[PDB]
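Dropping my_file.csv in here (CSV, N, CA and C atoms):
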chain,number,residue,atom,x,y,z
B,1,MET,N,134.7,147.4,233.8
B,1,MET,CA,136.1,147.2,233.2
B,1,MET,C,136.9,146.2,234.0
B,2,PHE,N,137.9,145.6,233.4
B,2,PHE,CA,138.7,144.6,234.0
B,2,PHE,C,139.4,145.2,235.3
B,3,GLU,N,140.0,146.4,235.1
B,3,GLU,CA,140.7,147.1,236.1
B,3,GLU,C,139.7,147.7,237.1
B,4,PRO,N,140.1,148.0,238.3
B,4,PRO,CA,139.2,148.6,239.3
B,4,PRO,C,138.6,149.9,238.8
B,5,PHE,N,139.3,150.7,238.0
B,5,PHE,CA,138.8,151.9,237.4
B,5,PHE,C,139.6,152.3,236.2
B,6,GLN,N,140.9,152.8,236.5
B,6,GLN,CA,141.7,153.2,235.4
B,6,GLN,C,143.2,153.2,235.9
B,7,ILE,N,144.1,153.2,235.0
B,7,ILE,CA,145.5,153.2,235.3
B,7,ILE,C,145.9,154.5,236.1
B,8,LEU,N,145.4,155.6,235.6
B,8,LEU,CA,145.6,156.9,236.2
B,8,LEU,C,145.0,157.0,237.6
B,9,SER,N,143.8,156.4,237.7
B,9,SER,CA,143.1,156.4,239.0
B,9,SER,C,143.8,155.5,240.0
B,10,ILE,N,144.2,154.3,239.6
B,10,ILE,CA,144.9,153.4,240.5
B,10,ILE,C,146.3,154.0,241.0
B,11,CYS,N,147.0,154.6,240.0
B,11,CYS,CA,148.3,155.2,240.4
B,11,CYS,C,148.1,156.3,241.4
B,12,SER,N,147.2,157.2,241.1
B,12,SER,CA,147.0,158.3,242.0
B,12,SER,C,146.5,157.8,243.4
B,13,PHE,N,145.7,156.8,243.4
B,13,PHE,CA,145.2,156.2,244.6
B,13,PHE,C,146.4,155.7,245.5
B,14,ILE,N,147.3,155.0,244.9
B,14,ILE,CA,148.4,154.4,245.7
B,14,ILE,C,149.3,155.6,246.1
B,15,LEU,N,149.6,156.5,245.1
B,15,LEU,CA,150.5,157.6,245.4
B,15,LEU,C,149.9,158.5,246.5
B,16,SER,N,148.6,158.5,246.7
B,16,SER,CA,148.0,159.3,247.7
B,16,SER,C,148.1,158.6,249.0
B,17,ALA,N,147.8,157.3,249.1
B,17,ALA,CA,147.9,156.6,250.3
B,17,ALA,C,149.3,156.7,250.9
B,18,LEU,N,150.3,156.5,250.1
B,18,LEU,CA,151.7,156.5,250.6
B,18,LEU,C,152.0,158.0,250.9
B,19,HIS,N,151.6,158.9,250.1
B,19,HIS,CA,151.9,160.3,250.3
B,19,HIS,C,151.5,160.7,251.7
B,20,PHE,N,150.3,160.3,252.1
B,20,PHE,CA,149.8,160.7,253.4
B,20,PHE,C,150.5,159.9,254.5
B,21,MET,N,150.9,158.7,254.2
B,21,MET,CA,151.6,157.8,255.1
B,21,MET,C,152.9,158.4,255.5
B,22,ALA,N,153.8,158.5,254.5
B,22,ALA,CA,155.2,159.0,254.8
B,22,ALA,C,155.2,160.4,255.2
B,23,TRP,N,154.3,161.2,254.6
B,23,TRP,CA,154.2,162.6,255.0
B,23,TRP,C,153.7,162.8,256.5
B,24,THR,N,152.8,161.9,256.9
B,24,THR,CA,152.3,161.9,258.2
B,24,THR,C,153.4,161.6,259.2
B,25,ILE,N,154.1,160.5,258.9
B,25,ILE,CA,155.2,160.1,259.8
B,25,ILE,C,156.2,161.1,260.0
B,26,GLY,N,156.6,161.8,258.9
B,26,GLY,CA,157.6,162.9,259.0
B,26,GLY,C,157.1,164.0,259.8
B,27,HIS,N,155.8,164.3,259.7
B,27,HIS,CA,155.2,165.4,260.5
B,27,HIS,C,155.1,165.0,262.0
B,28,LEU,N,154.8,163.8,262.2
B,28,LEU,CA,154.7,163.3,263.6
B,28,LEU,C,156.0,163.3,264.3
B,29,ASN,N,156.0,163.7,265.6
B,29,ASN,CA,157.3,163.7,266.3
B,29,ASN,C,157.1,163.1,267.7
B,30,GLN,N,158.0,162.3,268.2
B,30,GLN,CA,158.0,161.7,269.5
B,30,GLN,C,158.8,162.5,270.5
B,31,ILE,N,158.2,162.8,271.6
B,31,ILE,CA,159.0,163.5,272.6
B,31,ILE,C,158.6,163.0,274.0
B,32,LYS,N,159.6,163.0,274.9
B,32,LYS,CA,159.3,162.6,276.3
B,32,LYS,C,159.7,163.6,277.3
B,33,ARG,N,158.8,164.3,277.8
B,33,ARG,CA,159.0,165.4,278.8
B,33,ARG,C,159.0,164.8,280.2
S,1,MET,N,143.8,157.6,221.0
S,1,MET,CA,144.0,159.0,220.6
S,1,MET,C,145.5,159.2,220.2
S,2,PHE,N,145.8,160.3,219.5
S,2,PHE,CA,147.1,160.6,219.1
S,2,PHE,C,148.0,160.8,220.3
S,3,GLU,N,147.6,161.6,221.3
S,3,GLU,CA,148.3,161.9,222.5
S,3,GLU,C,148.3,160.7,223.4
S,4,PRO,N,149.2,160.6,224.3
S,4,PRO,CA,149.3,159.4,225.3
S,4,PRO,C,147.9,159.3,226.1
S,5,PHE,N,147.3,160.4,226.4
S,5,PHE,CA,146.0,160.4,227.1
S,5,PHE,C,145.3,161.7,226.9
S,6,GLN,N,145.8,162.7,227.5
S,6,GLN,CA,145.1,164.0,227.4
S,6,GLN,C,146.1,165.1,227.9
S,7,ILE,N,145.9,166.4,227.5
S,7,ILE,CA,146.7,167.5,227.8
S,7,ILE,C,146.8,167.7,229.3
S,8,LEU,N,145.7,167.5,230.0
S,8,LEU,CA,145.6,167.7,231.4
S,8,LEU,C,146.3,166.5,232.1
S,9,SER,N,146.2,165.4,231.5
S,9,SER,CA,146.8,164.2,232.1
S,9,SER,C,148.3,164.2,232.0
S,10,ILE,N,148.8,164.7,230.8
S,10,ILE,CA,150.2,164.8,230.6
S,10,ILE,C,150.9,165.8,231.4
S,11,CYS,N,150.2,167.0,231.5
S,11,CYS,CA,150.7,168.1,232.3
S,11,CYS,C,150.8,167.6,233.8
S,12,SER,N,149.8,167.1,234.3
S,12,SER,CA,149.8,166.7,235.7
S,12,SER,C,150.8,165.6,236.0
S,13,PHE,N,151.0,164.7,235.0
S,13,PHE,CA,152.0,163.7,235.1
S,13,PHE,C,153.4,164.2,235.3
S,14,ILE,N,153.7,165.2,234.4
S,14,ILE,CA,155.1,165.8,234.5
S,14,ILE,C,155.2,166.6,235.7
S,15,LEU,N,154.2,167.4,236.1
S,15,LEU,CA,154.2,168.3,237.2
S,15,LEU,C,154.3,167.4,238.5
S,16,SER,N,153.8,166.2,238.4
S,16,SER,CA,153.9,165.3,239.6
S,16,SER,C,155.3,164.7,239.7
S,17,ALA,N,155.9,164.3,238.6
S,17,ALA,CA,157.2,163.7,238.6
S,17,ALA,C,158.2,164.7,239.2
S,18,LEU,N,158.2,165.9,238.7
S,18,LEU,CA,159.1,166.9,239.2
S,18,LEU,C,158.8,167.3,240.6
S,19,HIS,N,157.5,167.4,240.9
S,19,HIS,CA,157.1,167.8,242.2
S,19,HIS,C,157.7,166.9,243.2
S,20,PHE,N,157.7,165.6,243.0
S,20,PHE,CA,158.2,164.7,243.9
S,20,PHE,C,159.8,164.7,243.9
S,21,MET,N,160.3,165.1,242.7
S,21,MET,CA,161.8,165.1,242.6
S,21,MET,C,162.4,166.2,243.4
S,22,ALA,N,162.0,167.5,243.0
S,22,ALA,CA,162.5,168.6,243.7
S,22,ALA,C,162.1,168.6,245.2
S,23,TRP,N,160.9,168.3,245.5
S,23,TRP,CA,160.4,168.2,246.9
S,23,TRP,C,161.2,167.2,247.7
S,24,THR,N,161.5,166.1,247.1
S,24,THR,CA,162.3,165.0,247.7
S,24,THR,C,163.7,165.5,248.0
S,25,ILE,N,164.3,166.2,247.1
S,25,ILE,CA,165.7,166.7,247.3
S,25,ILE,C,165.7,167.7,248.4
S,26,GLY,N,164.8,168.6,248.4
S,26,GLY,CA,164.7,169.6,249.5
S,26,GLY,C,164.5,169.0,250.8
S,27,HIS,N,163.7,167.9,250.9
S,27,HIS,CA,163.5,167.2,252.2
S,27,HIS,C,164.7,166.4,252.6
S,28,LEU,N,165.4,165.9,251.6
S,28,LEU,CA,166.7,165.1,251.9
S,28,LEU,C,167.8,166.0,252.5
S,29,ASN,N,168.5,165.5,253.4
S,29,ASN,CA,169.6,166.3,254.0
S,29,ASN,C,170.8,165.5,254.2
S,30,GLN,N,172.0,166.0,253.8
S,30,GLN,CA,173.3,165.3,254.0
S,30,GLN,C,174.0,165.7,255.2
S,31,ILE,N,174.4,164.8,256.0
S,31,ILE,CA,175.1,165.1,257.3
S,31,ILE,C,176.3,164.1,257.5
S,32,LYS,N,177.3,164.6,258.1
S,32,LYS,CA,178.5,163.7,258.3
S,32,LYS,C,178.9,163.8,259.8
S,33,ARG,N,178.5,162.8,260.6
S,33,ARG,CA,178.8,162.8,262.0
S,33,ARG,C,180.2,162.1,262.2
C,1,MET,N,132.8,172.9,224.3
C,1,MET,CA,131.9,173.3,225.4
C,1,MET,C,132.0,174.8,225.7
C,2,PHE,N,131.0,175.3,226.4
C,2,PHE,CA,131.1,176.8,226.7
C,2,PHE,C,132.3,177.1,227.6
C,3,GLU,N,132.4,176.3,228.6
C,3,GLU,CA,133.6,176.5,229.6
C,3,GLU,C,134.9,176.0,228.9
C,4,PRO,N,136.0,176.4,229.4
C,4,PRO,CA,137.3,176.0,228.9
C,4,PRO,C,137.5,174.5,228.9
C,5,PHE,N,136.9,173.8,229.9
C,5,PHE,CA,137.0,172.4,229.9
C,5,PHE,C,135.9,171.8,230.9
C,6,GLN,N,136.1,172.0,232.2
C,6,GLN,CA,135.1,171.6,233.2
C,6,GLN,C,135.3,172.3,234.5
C,7,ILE,N,134.3,172.3,235.3
C,7,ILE,CA,134.3,173.0,236.6
C,7,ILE,C,135.5,172.4,237.5
C,8,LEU,N,135.6,171.1,237.5
C,8,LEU,CA,136.6,170.4,238.3
C,8,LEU,C,138.0,170.7,237.7
C,9,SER,N,138.1,170.8,236.4
C,9,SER,CA,139.3,171.1,235.7
C,9,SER,C,139.8,172.6,236.0
C,10,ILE,N,138.8,173.5,235.9
C,10,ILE,CA,139.1,174.9,236.1
C,10,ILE,C,139.6,175.1,237.6
C,11,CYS,N,138.8,174.5,238.5
C,11,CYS,CA,139.1,174.7,239.9
C,11,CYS,C,140.5,174.2,240.3
C,12,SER,N,140.8,173.0,239.8
C,12,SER,CA,142.1,172.4,240.1
C,12,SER,C,143.2,173.2,239.5
C,13,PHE,N,142.9,173.7,238.3
C,13,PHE,CA,143.9,174.5,237.6
C,13,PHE,C,144.3,175.7,238.4
C,14,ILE,N,143.3,176.5,238.9
C,14,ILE,CA,143.5,177.7,239.7
C,14,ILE,C,144.2,177.3,241.1
C,15,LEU,N,143.6,176.2,241.7
C,15,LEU,CA,144.1,175.8,243.0
C,15,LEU,C,145.6,175.3,242.9
C,16,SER,N,146.0,174.9,241.7
C,16,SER,CA,147.3,174.4,241.5
C,16,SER,C,148.3,175.6,241.2
C,17,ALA,N,147.8,176.6,240.5
C,17,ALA,CA,148.6,177.8,240.2
C,17,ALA,C,149.0,178.5,241.5
C,18,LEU,N,148.0,178.7,242.3
C,18,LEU,CA,148.2,179.4,243.6
C,18,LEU,C,149.0,178.5,244.5
C,19,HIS,N,148.6,177.3,244.6
C,19,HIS,CA,149.3,176.3,245.4
C,19,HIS,C,150.8,176.4,245.2
C,20,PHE,N,151.3,176.4,244.0
C,20,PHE,CA,152.7,176.5,243.7
C,20,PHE,C,153.2,177.9,244.0
C,21,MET,N,152.3,178.9,243.9
C,21,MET,CA,152.8,180.3,244.1
C,21,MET,C,153.0,180.6,245.6
C,22,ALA,N,152.0,180.4,246.4
C,22,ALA,CA,152.2,180.6,247.8
C,22,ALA,C,153.2,179.7,248.4
C,23,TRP,N,153.1,178.4,248.0
C,23,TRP,CA,154.0,177.4,248.5
C,23,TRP,C,155.5,177.7,248.2
C,24,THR,N,155.7,178.2,247.0
C,24,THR,CA,157.0,178.6,246.5
C,24,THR,C,157.6,179.8,247.3
C,25,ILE,N,156.7,180.8,247.6
C,25,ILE,CA,157.1,182.0,248.3
C,25,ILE,C,157.5,181.6,249.7
C,26,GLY,N,156.7,180.7,250.3
C,26,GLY,CA,157.0,180.2,251.7
C,26,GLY,C,158.4,179.5,251.7
C,27,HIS,N,158.6,178.7,250.7
C,27,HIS,CA,159.9,177.9,250.6
C,27,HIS,C,161.1,178.9,250.4
C,28,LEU,N,160.9,179.9,249.6
C,28,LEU,CA,161.9,180.8,249.3
C,28,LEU,C,162.3,181.6,250.5
C,29,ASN,N,163.6,181.9,250.7
C,29,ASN,CA,164.0,182.7,251.8
C,29,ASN,C,165.1,183.7,251.4
C,30,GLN,N,165.0,184.9,251.9
C,30,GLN,CA,165.9,186.0,251.6
C,30,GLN,C,167.0,186.1,252.7
C,31,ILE,N,168.2,186.1,252.3
C,31,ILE,CA,169.3,186.3,253.3
C,31,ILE,C,170.4,187.2,252.7
C,32,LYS,N,171.0,187.9,253.6
C,32,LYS,CA,172.1,188.8,253.2
C,32,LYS,C,173.4,188.6,254.0
C,33,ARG,N,174.3,187.9,253.5
C,33,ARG,CA,175.6,187.6,254.1
C,33,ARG,C,176.6,188.7,253.9
O,1,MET,N,123.0,162.7,237.9
O,1,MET,CA,123.2,161.5,238.7
O,1,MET,C,122.7,161.8,240.1
O,2,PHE,N,122.4,160.7,240.8
O,2,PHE,CA,121.9,160.8,242.2
O,2,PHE,C,123.0,161.6,243.1
O,3,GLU,N,124.2,161.1,243.0
O,3,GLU,CA,125.3,161.7,243.7
O,3,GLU,C,125.7,163.1,243.1
O,4,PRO,N,126.3,163.9,243.9
O,4,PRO,CA,126.8,165.3,243.4
O,4,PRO,C,127.6,165.2,242.1
O,5,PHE,N,128.4,164.1,242.0
O,5,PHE,CA,129.3,163.9,240.8
O,5,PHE,C,129.7,162.5,240.8
O,6,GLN,N,130.6,162.1,241.7
O,6,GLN,CA,131.2,160.8,241.7
O,6,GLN,C,131.8,160.5,243.0
O,7,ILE,N,132.0,159.2,243.4
O,7,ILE,CA,132.6,158.8,244.6
O,7,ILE,C,134.0,159.3,244.7
O,8,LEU,N,134.8,159.2,243.6
O,8,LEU,CA,136.1,159.6,243.6
O,8,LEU,C,136.2,161.2,243.7
O,9,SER,N,135.2,161.8,243.1
O,9,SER,CA,135.2,163.3,243.1
O,9,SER,C,134.8,163.8,244.5
O,10,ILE,N,133.9,163.2,245.1
O,10,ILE,CA,133.4,163.6,246.5
O,10,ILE,C,134.6,163.4,247.5
O,11,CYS,N,135.2,162.2,247.4
O,11,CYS,CA,136.3,161.9,248.3
O,11,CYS,C,137.4,162.9,248.2
O,12,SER,N,137.9,163.1,247.0
O,12,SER,CA,139.0,164.0,246.7
O,12,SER,C,138.6,165.4,247.2
O,13,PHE,N,137.3,165.8,247.0
O,13,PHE,CA,136.9,167.1,247.4
O,13,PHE,C,137.0,167.3,248.9
O,14,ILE,N,136.5,166.3,249.7
O,14,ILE,CA,136.6,166.4,251.1
O,14,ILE,C,138.1,166.3,251.6
O,15,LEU,N,138.8,165.4,251.0
O,15,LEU,CA,140.2,165.2,251.3
O,15,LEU,C,141.0,166.4,251.1
O,16,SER,N,140.6,167.2,250.1
O,16,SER,CA,141.3,168.5,249.7
O,16,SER,C,140.9,169.6,250.7
O,17,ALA,N,139.7,169.7,251.1
O,17,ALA,CA,139.2,170.7,252.0
O,17,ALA,C,140.0,170.6,253.3
O,18,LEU,N,140.0,169.4,253.9
O,18,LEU,CA,140.6,169.1,255.1
O,18,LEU,C,142.1,169.3,255.0
O,19,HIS,N,142.7,168.7,253.9
O,19,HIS,CA,144.1,168.8,253.6
O,19,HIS,C,144.6,170.2,253.7
O,20,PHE,N,143.9,171.2,253.2
O,20,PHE,CA,144.3,172.6,253.2
O,20,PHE,C,144.0,173.2,254.6
O,21,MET,N,143.0,172.6,255.3
O,21,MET,CA,142.6,173.1,256.6
O,21,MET,C,143.7,172.8,257.6
O,22,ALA,N,143.9,171.5,257.8
O,22,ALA,CA,144.9,171.0,258.8
O,22,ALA,C,146.3,171.5,258.4
O,23,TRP,N,146.6,171.4,257.1
O,23,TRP,CA,147.9,171.8,256.6
O,23,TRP,C,148.2,173.3,256.9
O,24,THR,N,147.1,174.1,256.7
O,24,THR,CA,147.2,175.5,256.9
O,24,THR,C,147.4,175.9,258.4
O,25,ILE,N,146.7,175.2,259.2
O,25,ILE,CA,146.8,175.4,260.7
O,25,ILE,C,148.3,175.1,261.1
O,26,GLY,N,148.8,174.0,260.6
O,26,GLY,CA,150.1,173.6,261.0
O,26,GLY,C,151.2,174.6,260.5
O,27,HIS,N,151.0,175.2,259.4
O,27,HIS,CA,151.9,176.2,258.8
O,27,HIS,C,151.8,177.5,259.6
O,28,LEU,N,150.5,177.8,260.0
O,28,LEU,CA,150.3,179.1,260.7
O,28,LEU,C,151.0,179.0,262.1
O,29,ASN,N,151.5,180.1,262.5
O,29,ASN,CA,152.2,180.2,263.8
O,29,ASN,C,151.8,181.4,264.6
O,30,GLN,N,151.5,181.3,265.9
O,30,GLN,CA,151.2,182.5,266.6
O,30,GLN,C,152.3,183.0,267.5
O,31,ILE,N,152.7,184.2,267.4
O,31,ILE,CA,153.8,184.8,268.1
O,31,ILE,C,153.4,186.2,268.7
O,32,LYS,N,154.0,186.5,269.9
O,32,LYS,CA,153.7,187.7,270.5
O,32,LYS,C,155.0,188.5,270.9
O,33,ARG,N,155.4,189.4,270.1
O,33,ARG,CA,156.6,190.2,270.3
O,33,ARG,C,156.3,191.4,271.2

As structure tokens:
Amino acid sequence: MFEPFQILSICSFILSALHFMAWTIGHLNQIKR
Amino acid sequence: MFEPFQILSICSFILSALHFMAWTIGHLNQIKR
Amino acid sequence: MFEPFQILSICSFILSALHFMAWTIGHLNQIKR
Amino acid sequence: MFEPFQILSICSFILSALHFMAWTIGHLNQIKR
């Protein structure tokens, strides 16, 4: 097909990459003991 | 097809929009320093 | 088909129902002022 | 098919297993009263 796979597949793919990106940053915490 | 895509697709779509809406609001916090 | 839809569909369906159930309970908090 | 199902299916499957694993551990807390 012209597209990589499907509109639903592409959207979920991007929504997943960012989801783990922003969610990971929020979970991560910087501390200096 | 008559429907936009599928029952499972439509449900997940709505469940995702709200999921990020309510979840985002809960994560967001208002503070006045 | 014999099954309601598909193995992947059924699994995700159950995993979603519980996901929102346990996740909702954890988010909910009881307080007595 | 040669593969268990599909590349997208396999990836999501693994990403889900770990997602619940690491996420569960983070949620879990050990305390000694």

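Of note, atom N of residue 6 (chain B) and atom C of residue 18 (chain O) are spaced 24.8 Å apart.
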
From CA of residue 24 (chain B) to atom C of residue 10 (chain S) the spacing works out at 27.1 Å

| task | Give as a ChimeraX atom specification every residue of chain O that touches chain B within 12 Å, counting only C-alpha atoms. | result | /O:7-9,11-12,15-16,19,22-23,26-27

Give me region 12-26 of chain C with N, CA, C and O atoms filled in, as a PDB file, keeping the file's coordinate frame.
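Writing done, so here's part.pdb:
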ATOM      1  N   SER C  12     140.800 173.000 239.800  1.00  0.00           N
ATOM      2  CA  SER C  12     142.100 172.400 240.100  1.00  0.00           C
ATOM      3  C   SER C  12     143.200 173.200 239.500  1.00  0.00           C
ATOM      4  O   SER C  12     144.249 173.340 240.077  1.00  0.00           O
ATOM      5  N   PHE C  13     142.900 173.700 238.300  1.00  0.00           N
ATOM      6  CA  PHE C  13     143.900 174.500 237.600  1.00  0.00           C
ATOM      7  C   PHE C  13     144.300 175.700 238.400  1.00  0.00           C
ATOM      8  O   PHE C  13     145.473 176.031 238.647  1.00  0.00           O
ATOM      9  N   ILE C  14     143.300 176.500 238.900  1.00  0.00           N
ATOM     10  CA  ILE C  14     143.500 177.700 239.700  1.00  0.00           C
ATOM     11  C   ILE C  14     144.200 177.300 241.100  1.00  0.00           C
ATOM     12  O   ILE C  14     145.079 177.974 241.547  1.00  0.00           O
ATOM     13  N   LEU C  15     143.600 176.200 241.700  1.00  0.00           N
ATOM     14  CA  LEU C  15     144.100 175.800 243.000  1.00  0.00           C
ATOM     15  C   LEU C  15     145.600 175.300 242.900  1.00  0.00           C
ATOM     16  O   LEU C  15     146.320 175.344 243.845  1.00  0.00           O
ATOM     17  N   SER C  16     146.000 174.900 241.700  1.00  0.00           N
ATOM     18  CA  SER C  16     147.300 174.400 241.500  1.00  0.00           C
ATOM     19  C   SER C  16     148.300 175.600 241.200  1.00  0.00           C
ATOM     20  O   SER C  16     149.395 175.646 241.771  1.00  0.00           O
ATOM     21  N   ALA C  17     147.800 176.600 240.500  1.00  0.00           N
ATOM     22  CA  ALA C  17     148.600 177.800 240.200  1.00  0.00           C
ATOM     23  C   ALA C  17     149.000 178.500 241.500  1.00  0.00           C
ATOM     24  O   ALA C  17     150.132 178.833 241.777  1.00  0.00           O
ATOM     25  N   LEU C  18     148.000 178.700 242.300  1.00  0.00           N
ATOM     26  CA  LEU C  18     148.200 179.400 243.600  1.00  0.00           C
ATOM     27  C   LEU C  18     149.000 178.500 244.500  1.00  0.00           C
ATOM     28  O   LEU C  18     149.853 178.996 245.248  1.00  0.00           O
ATOM     29  N   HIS C  19     148.600 177.300 244.600  1.00  0.00           N
ATOM     30  CA  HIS C  19     149.300 176.300 245.400  1.00  0.00           C
ATOM     31  C   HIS C  19     150.800 176.400 245.200  1.00  0.00           C
ATOM     32  O   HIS C  19     151.549 176.448 246.231  1.00  0.00           O
ATOM     33  N   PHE C  20     151.300 176.400 244.000  1.00  0.00           N
ATOM     34  CA  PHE C  20     152.700 176.500 243.700  1.00  0.00           C
ATOM     35  C   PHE C  20     153.200 177.900 244.000  1.00  0.00           C
ATOM     36  O   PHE C  20     154.385 178.126 244.281  1.00  0.00           O
ATOM     37  N   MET C  21     152.300 178.900 243.900  1.00  0.00           N
ATOM     38  CA  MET C  21     152.800 180.300 244.100  1.00  0.00           C
ATOM     39  C   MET C  21     153.000 180.600 245.600  1.00  0.00           C
ATOM     40  O   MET C  21     154.153 180.970 245.925  1.00  0.00           O
ATOM     41  N   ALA C  22     152.000 180.400 246.400  1.00  0.00           N
ATOM     42  CA  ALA C  22     152.200 180.600 247.800  1.00  0.00           C
ATOM     43  C   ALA C  22     153.200 179.700 248.400  1.00  0.00           C
ATOM     44  O   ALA C  22     154.004 180.061 249.267  1.00  0.00           O
ATOM     45  N   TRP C  23     153.100 178.400 248.000  1.00  0.00           N
ATOM     46  CA  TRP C  23     154.000 177.400 248.500  1.00  0.00           C
ATOM     47  C   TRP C  23     155.500 177.700 248.200  1.00  0.00           C
ATOM     48  O   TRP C  23     156.395 177.549 248.971  1.00  0.00           O
ATOM     49  N   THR C  24     155.700 178.200 247.000  1.00  0.00           N
ATOM     50  CA  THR C  24     157.000 178.600 246.500  1.00  0.00           C
ATOM     51  C   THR C  24     157.600 179.800 247.300  1.00  0.00           C
ATOM     52  O   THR C  24     158.720 179.800 247.712  1.00  0.00           O
ATOM     53  N   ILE C  25     156.700 180.800 247.600  1.00  0.00           N
ATOM     54  CA  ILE C  25     157.100 182.000 248.300  1.00  0.00           C
ATOM     55  C   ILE C  25     157.500 181.600 249.700  1.00  0.00           C
ATOM     56  O   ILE C  25     158.544 182.046 250.249  1.00  0.00           O
ATOM     57  N   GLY C  26     156.700 180.700 250.300  1.00  0.00           N
ATOM     58  CA  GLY C  26     157.000 180.200 251.700  1.00  0.00           C
ATOM     59  C   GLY C  26     158.400 179.500 251.700  1.00  0.00           C
ATOM     60  O   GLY C  26     159.124 179.653 252.692  1.00  0.00           O
TER      61      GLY C  26
END
